[PDB]
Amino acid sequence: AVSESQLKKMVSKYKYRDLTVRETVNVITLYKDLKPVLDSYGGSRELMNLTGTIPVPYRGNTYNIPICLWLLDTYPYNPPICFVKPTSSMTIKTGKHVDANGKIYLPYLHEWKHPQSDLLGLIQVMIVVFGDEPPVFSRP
């Protein structure tokens, strides 16, 4: 697992460090398949993101939907940039909440406002919305 000490190091360049670490811990504690990763966003600059899967029930079954939540250095004042990350055995379902690049669009992200908006609330919304319209489907 990851420690708060290691997280603080990862967000050293962030404007609101304690707040970002606090929510990250909350998220990875509840969602065991999400992992904090420090990587180059779009190959432009380094940012920490939460990568992995979240459990989403659809038509009676639960799926481990692969996602990636990029936390900007302005987190939590600005919402995260989120993507669905299909494996080779699946395809991105472009639609109301997902564009051609797998980027996620949600009213929750659009009107994001700290402190009423947070990652736990966002993920809860994803589970509900994706449970209605999956962002990815498996190849036949």
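Residue numbers here begin at 1 and follow the sequence given.
The mean Cα B-factor in the deposited entry runs higher for 7-15 than for the other of 7-15 and 120-128. Of the two segments, 34-42 and 95-103, the one listed with the higher mean B-factor is 34-42 (C-alpha atoms only). For the set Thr74, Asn61, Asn26, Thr53, the maximum C-alpha B-factor listed in the entry falls on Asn61. Annotation for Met90: C-alpha temperature factor in the highest third relative to the rest of the modelled chain, per the entry.
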